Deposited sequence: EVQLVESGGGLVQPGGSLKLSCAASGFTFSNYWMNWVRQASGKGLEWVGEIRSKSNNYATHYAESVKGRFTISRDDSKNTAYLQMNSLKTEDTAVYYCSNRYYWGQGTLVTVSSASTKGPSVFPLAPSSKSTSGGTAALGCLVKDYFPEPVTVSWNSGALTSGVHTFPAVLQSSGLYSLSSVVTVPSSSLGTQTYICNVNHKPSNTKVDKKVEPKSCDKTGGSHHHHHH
């Protein structure tokens, strides 16, 4: 019932600015102290800062690595907290989380790079000729992330979506596969649902025997 929904994340130039939002519901917002925390890929949690309640004069404290660049704020009427980020550096690249100290949101990626946004191509991994395996190859995109589902979410058991790998080109790629009954191959439809939000790319790919 308690919800924290982050937004505002995406690709931004080195030196640029960005403002994250955390839409809170399910709790008496004004009484809580809202926190931000970030995590670079494959690394640990790092506290960003905390803002206190009105009764505490909305006092704010920051991690040393961000003070003077990042500003945390709140709007109790909106039940929203904010993280305004200035003078962005590449080292700031991470998934940012919002917290009321007890629950955390899903997080939003911030990428600080001068690299260009690119949409991916979706290629089939077609099953051969009793378990069968098939998949989708999501190739050459930037920045992270892409999401993949199967049959609009109705197929989940036997699904493995792999961690994206950064290619030599500076472009990412990832595979998503599923293992299914061999007998369902010419009967049951298999569609991978690919979304690459930073490039406004959405693809549905039917994968079947060639």
>> If I number the deposited sequence starting at 1, which residue ranges have no C-alpha coordinates at all?
In response: 130-134, 216-229
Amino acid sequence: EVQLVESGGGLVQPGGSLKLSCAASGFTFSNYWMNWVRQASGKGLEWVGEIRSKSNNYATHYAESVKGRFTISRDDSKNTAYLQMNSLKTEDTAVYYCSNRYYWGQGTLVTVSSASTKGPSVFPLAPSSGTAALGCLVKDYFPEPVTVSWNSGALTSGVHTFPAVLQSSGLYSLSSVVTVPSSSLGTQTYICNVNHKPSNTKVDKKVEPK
From here on, numbers count along this sequence of modelled residues.
>> Please compare 146-154 with 53-61 and say which has the higher mean C-alpha temperature factor in the record.
In response: 53-61
>> Using only C-alpha atoms and the B-factors in the entry, which stretch averages higher, 73-81 or 136-144?
In response: 73-81
> Based on what the PDB entry reports, which of 36, 162, 29, 172 has the top C-alpha B-factor?
Replying inline: 29
> At the C-alpha atoms, which of 121, 114, 87, 111 reaches the highest B-factor in this entry?
Replying inline: 87
> Lowest, middle or highest third: where is residue 176 by Cα B-factor in its chain?
Replying inline: lowest
> When the modelled residues of the chain are sorted by Cα temperature factor, does residue 204 land in the lowest, middle or highest third?
Replying inline: lowest
> For residue 24, does the deposited CA B-factor place it in the lowest, middle or highest third of the chain?
Replying inline: highest
>> By the recorded C-alpha temperature factor, relative to the other modelled residues in its chain, which third is residue 186 in?
In response: highest
> Looking at the C-alpha B-factor of residue 13, is it in the lowest, middle or highest third of its chain?
Replying inline: middle
